[PDB]
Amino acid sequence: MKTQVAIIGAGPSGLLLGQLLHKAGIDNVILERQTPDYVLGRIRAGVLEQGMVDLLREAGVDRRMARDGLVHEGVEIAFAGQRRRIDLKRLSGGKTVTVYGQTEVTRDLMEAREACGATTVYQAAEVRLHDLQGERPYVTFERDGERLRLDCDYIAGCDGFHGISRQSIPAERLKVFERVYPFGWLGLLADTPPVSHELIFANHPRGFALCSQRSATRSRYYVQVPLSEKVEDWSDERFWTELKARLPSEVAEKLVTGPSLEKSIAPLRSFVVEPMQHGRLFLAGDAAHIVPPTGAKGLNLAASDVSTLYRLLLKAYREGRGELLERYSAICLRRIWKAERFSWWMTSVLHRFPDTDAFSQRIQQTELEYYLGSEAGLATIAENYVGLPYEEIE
C-alpha cells in the first residue's frame, strides 16, 4: 500500500492537514484507532482564532462555519463582585474570535474528506512506525485481524497526547517540560440558551467557573473541581447549584438551567516536547504539546502546527525545497511557548490553588485588578486571546 504523507490520527489536526494537502495534490492516508462515532462524541473546544477560521476557508471547509459560527468581540472576567469586559476588537486592533464547537469542525472535515474520496482507515489497530531516519519510512497496522504495510515518504503524528508517535521517538533525543495542575474542569453541555452573548470567565472563593456557548440554543459550562472527583458524584442539579454559587448574582438569576447532554471531567496540564520531530516523523497538535483549557489555545496551536507542516511539505513537493523541513520545530516552538505562557497565566490568575498563603491570594487579586484596569494590561490579554500572528516561513 503506498502514499505520499501518512497521517496518524483523524482528530482535527490530522483531518485538517489531510484536507489542505489533498487540495494541493499531495496524496495522503489517515489512520485512526477508533470509529467515526467515537471521534465525533468528544466535545472539547469552543473558541476559534481568526487564524484557524482562515485555514478552514483555505481548506474549502467553511460553509457551515460562516453560517452557524458566532463571531465574538469581547469576553468578560469576573472577580470580587466586579465584571470587567475586555473589548478584543478595540484592544487587538480589530482581530476577533469565532465560537464554533470542535465536534462541528471535525464533522465538516470528515464530510469534506469523504466527498473528495481521500483515504481514511478507521479501526486501524496497533499502529507501529518503522525506519524513521530512512528515505522510505513505513507504517504497519491491523485491520480486522490482518497486518498490512503502508509505505510513505513522510509521517505526521496527529494522534493526541496518548498517541503512538511521540512514543516512537528514542526518548534520549527528547526534552519534556510538564506541569500538572492540582485540579480539573467539570464541563456540562445543555440544550439551553446561554446566559450571555459573550463568555464570562470567573474567579470565585469556591473556585473557578466558565460560561460558554455552542450556538443561540446550546450552552457549555465549567466549574473547577479537585482531582479526587468522580463525574457520577455530580448530578445535574448539584452542578447547577454550584455554578450559580460561583457567579455574580445578576448573572446566576437569569441562567436557564436544564439536563445535560454531556458531562465529563478534564484534568489540567501543561506539556511541551522539544524537538517536535525525528527523521521523517513530524508531530502536530496534542501529539507534541498540551495547554490547560483556560486560554482556549490547544486546537488553535494544532492549526498553526498544521499550517506550518503544510506550507513546508508544499515547498518540499512543488518546489523541491526539501531541506526547509528541518525548520518545522524552530518555527512551531516560538508560537507554542508564548501560548503556553498565556495559558499558564490565565490558569494561575483565575483558579483557586491549595495552600496558598495570604500573600499569593492578594497578588492574584492584584494581577486581576492591574491587567483589567490598565489600557496596556488589557491589550496584553487581548492580543494573546485573539492569537498572536503566524510566523512567515522562509
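All residue numbers refer to positions in the sequence shown, first residue = 1.
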- Between 311-319 and 209-217 (mean CA B-factor, as deposited), the higher: 311-319
- Segment of higher mean CA temperature factor, 275-283 or 116-124: 116-124
- Query: Which is it among 249, 196, 98, 260: the one with the largest CA B-factor in the entry?
  - Reply: 249
- Task: Please pick out which of 204, 162, 147, 107 has the largest Cα B-factor as recorded in the entry.
- Result: 147
- Message: When the deposited Cα B-factors of this chain's modelled residues are ordered and cut into thirds, is residue 133 in the lowest, the middle or the highest one?
- Response: highest
- Message: Ranking every modelled residue in this chain by its Cα temperature factor as given in the entry, which third contains residue 177?
- Response: lowest
- Consider only the C-alpha atoms of the modelled residues in this chain, order them by B-factor as the entry records it, and name the third containing residue 185: lowest, middle or highest. lowest
- Task: Please place residue 230 in the lowest, middle or highest third of its chain by C-alpha B factor as given in the entry.
- Result: highest
- Using the B-factor values recorded in the entry, state whether the Cα atom of residue 222 falls in the lowest, middle or highest third among the modelled residues of its chain. lowest
